[PDB]
Structures are given as C-alpha cells and as structure tokens.
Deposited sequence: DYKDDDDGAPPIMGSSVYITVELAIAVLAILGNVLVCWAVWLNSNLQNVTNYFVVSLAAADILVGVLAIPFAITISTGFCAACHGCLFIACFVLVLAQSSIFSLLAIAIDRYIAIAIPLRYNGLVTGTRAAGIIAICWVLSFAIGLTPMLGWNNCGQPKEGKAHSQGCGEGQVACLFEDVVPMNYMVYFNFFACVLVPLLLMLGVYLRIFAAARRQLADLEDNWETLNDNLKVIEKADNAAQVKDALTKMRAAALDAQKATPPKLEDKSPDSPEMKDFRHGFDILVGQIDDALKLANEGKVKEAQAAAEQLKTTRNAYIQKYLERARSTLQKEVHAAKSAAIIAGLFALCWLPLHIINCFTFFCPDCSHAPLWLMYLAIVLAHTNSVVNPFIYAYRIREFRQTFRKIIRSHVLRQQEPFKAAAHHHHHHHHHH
C-alpha cells in the first residue's frame, strides 16, 4: 500500500494531539499565572510539567512527523530530532518525582514545610532538573549512538549524500541506551521511587487519621473512667493520662486547649487533696470544652488530612497515567533488545505506542479540571472572560 496513506493517518493524529497538548497546557500555565491561590511550590512543578507538554506539541511532535519520513540527514542532526522527546520525558519524570516529594514533606512535617520548601528553592530545583534532562536525553549525542556504523545501503537506496543517513530513530539511537539507561535507570527507577513516596504519603495520612481518632476516643473513655471511679486515686490516674494526651495534641483552638489543660489541672488538684466528688464534678466541665472547642479541632484536622489524601491521589493519578502512556514504547524496546529471535513489533504498533506516549501530554489539564476545584474554577473564568 502507498506509504503516504498510513503516514497521513499517523501525521493527522499527531497534529491533533499537538493542538490539544498546547491548548490544555497553556491553560494550566495561564491559570497559575493569574490565580494567587494556585501560586505555590507544588504548582511550580506542575507548570514545569505543563511546559514539557507544550514542548511535546511545539517540537517533539513536528520532530516525530519529520522522523517518520526517514529523510536524509547528518547523523548528529538526526540524533537531536530523535532524542529531544527523551529530554521532555526526563523533565516530566523529575517534575513528577518533585511533586510526590513535596506532598510527602507537606504531610510528614507540616510545621517545617513552609520553611523548607520555598518558591526560590523550587525554581532552582526546576532549573537543575531541566539541565539534567538535557544531559540524560541527549546522552546519545555525546557518543552513545550508531553514527559510527551507518546503514549505508539504506542511505544509498534513498539517495542520501556523504555523511548522511536515513533519519530513523532505531537506526541512530542504540537499544542498549534505550533499555538500560533510558528505561531502567532513568524512567523505571524514578517511577518505582515515586511509588514508594506515594505509599509513604498514604501510610502517613492513615496513621495520622487513626491517631486523631485514638486521642478523641481516649479523652471520651477517660471521662467515663472518672465518672465511674470509686476513689480520688482512680480519678487522679485518669486525669494524669488526660493531661499528657492534651499536651501531646497541642503540638480559638489554642484557647480551647488552654481551657482543657486548665480544667484537667483543676480536677487533678482536687483529686490530689482526696476530694473525689469535687474532682469528678470539675472533670464533668471538660464536656463543655470538648463540645465547644475540641470537637471542632478534631473535625478541622480530619478535614485537612482528607484534602491532603485527595490531593496526593490526584498527583498519583498523573504519575500513573505517565507510566501507562510511556510503558508500551519501553516494553516494545525491551522485546526488540532482549529478543533478537522475535520479529520486530510491526510499524502500525510502533506508531500506536508513539501516539499513546504523546497523548500523555494532553491528559494532565483534564485531571486538574476534574479533581482540583481551584484549577476548575480558574479554567472556567479564563474560558468565560
């Protein structure tokens, strides 16, 4: 069949993806620029990720369309157009890992987060990560390439000049680089590290939510212990544990905890004097403080943790969708490399895996719109105005 037919389908789909990747990701950048509620460290990595996706539309897709022709090119110029997408994928990986780490610092050490993670430090990390992405993605230009063993028969058949090759990705980029270096070391290891970080985020949230409920149950159980106590010593023992728990949870809400600790201290002083009935009556006053302050604190803390779980799930879905979209091309590369007795994956499947990898540059704006109210409302305001 005339090659122009299948190539026309591939090219049209690539151009459609390029348009959507540019539109959605420009909208993400626009939202962060205009809305100060979206201007935080986490979202500077989101913008770095959107910038890599805009460049997939502006540059990697025009380069992929050019490469699909197998046009004659100077081998090192061919390597640049073949490898530029690896720089963007590597930058995306560093941005995804930075977002996971940022979310883990936020849940594990919230009191130290604002002092540790600043916009100035994030901007430096983004700059370093872009430099490292160029070094990793363009490692073939440094000499790990097939330019020293050109396919001269293919170059002659196409009328290529001296020092030129038919510019085809698998002719110039070594598969040992694609599998061991690019895939195993630079993609799979960071994705497994991201998986580890997300597991730790969810475990930390689960433990912190369980600790909020345990402290609330302990306060209520100890009030009953005091109510059913048969002497001042049993009231004292229960108030001693309550005072320690109140101080541990204190590490309008500050006023509430001041009242709580004070009321426990009043009851404890009475219990130390052998005044069981007066100590039990003083301990009953803790219910007023629990109802007016402590319950509100517990609800607000639980709500905050639930918002962090929801935000970490949104971030993990984007990392998982990056893995889903890119794994097929990497897995095909593993078959090409490790199974030389296997027929190469057919050209239609190679085009499909490339298109799927490109589609990853369209999806993040949709995940933000569906899962993040602040993005959704800002997108609505930009589109309306």
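Novice: List in ascending order the stretches of the deposited sequence, numbered from 1, that lack C-alpha coordinates.
Specialist: Those parts of the chain that were deposited but carry no coordinates are 1 to 8, 260 to 276, 411 to 433.
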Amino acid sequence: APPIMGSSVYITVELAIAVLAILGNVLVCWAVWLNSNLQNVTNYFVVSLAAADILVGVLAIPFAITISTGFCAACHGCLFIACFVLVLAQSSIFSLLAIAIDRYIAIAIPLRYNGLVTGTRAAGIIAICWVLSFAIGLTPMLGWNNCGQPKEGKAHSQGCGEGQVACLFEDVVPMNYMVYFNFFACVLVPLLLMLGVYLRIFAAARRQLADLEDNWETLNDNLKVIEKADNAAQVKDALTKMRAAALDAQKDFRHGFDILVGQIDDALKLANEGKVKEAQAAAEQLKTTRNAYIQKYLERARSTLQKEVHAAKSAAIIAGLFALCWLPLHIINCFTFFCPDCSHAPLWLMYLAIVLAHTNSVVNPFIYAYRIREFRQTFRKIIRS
From here on, numbers count along this sequence of modelled residues.
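Rigid core: the largest C-alpha set superposing within 1.5 Å between the two forms.
Novice: Which of the two stretches, 186 to 194 or 226 to 234, moves more in 8 other deposited structures of this protein when the core is held fixed, judged by C-alpha RMS distance?
Specialist: Once the core is superposed, the stretch further away in 8 other deposited structures of this protein is 226 to 234.
Novice: Which of the two stretches, 341 to 349 versus 354 to 362, has its Cα atoms farther on average from this form in 8 other deposited structures of this protein when everything is superposed by the rigid core?
Specialist: Evaluated in 8 other deposited structures of this protein, the stretch farther from the shown form is 341 to 349.
Novice: In a third or more of the other entries compared, is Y113 missing its coordinates?
Specialist: No, none of the compared structures omit it.
Novice: Among the other entries of this protein that were compared (only those with both neighbours built), does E273 lack coordinates in at least a third?
Specialist: Per the records, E273 is modelled in all the other entries.
Novice: Identify the stretch, either 358 to 366 or 373 to 381, whose C-alpha atoms have the larger mean B-factor according to the entry.
Specialist: Per the PDB entry, the higher value belongs to 373 to 381.
Novice: Taking only the CA atoms, which stretch has the higher mean B-factor in the record, 131 to 139 or 118 to 126?
Specialist: Comparing 131 to 139 with 118 to 126, the higher mean C-alpha B-factor belongs to 118 to 126.
Novice: If you compare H76, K224, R103, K313, which has the highest Cα B-factor in the entry?
Specialist: Highest CA B-factor of the listed options: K224.
Novice: For the CA B factor values reported in this entry, which option in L86, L195, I294, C167 has the top one?
Specialist: That would be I294.
Novice: Based on the deposited C-alpha B factors for this chain, I'd like to know if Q263 is in the lowest, middle or highest third.
Specialist: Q263: CA B-factor falls in the middle third of its chain.
Novice: What third of the chain does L247 rank in for C-alpha temperature factor, lowest, middle or highest?
Specialist: Its C-alpha B-factor, which the entry lists for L247, ranks in the highest third among residues of this chain.
Novice: Taking the C-alpha B-factors as the PDB entry records them, is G274 in the lowest, middle or highest third of its chain?
Specialist: Highest third - that is where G274 ends up once the chain's C-alpha B-factors are sorted.
Novice: Can you tell me whether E308 has a C-alpha B-factor in the lowest, middle or highest third compared with the other modelled residues of the same chain?
Specialist: Within its chain, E308 is a middle-third residue by C-alpha B-factor, going by the deposited values.
Novice: Per the entry's values, where does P174 land by CA temperature factor relative to the rest of its chain, in the lowest, middle or highest third?
Specialist: Its C-alpha B-factor, which the entry lists for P174, ranks in the lowest third among residues of this chain.
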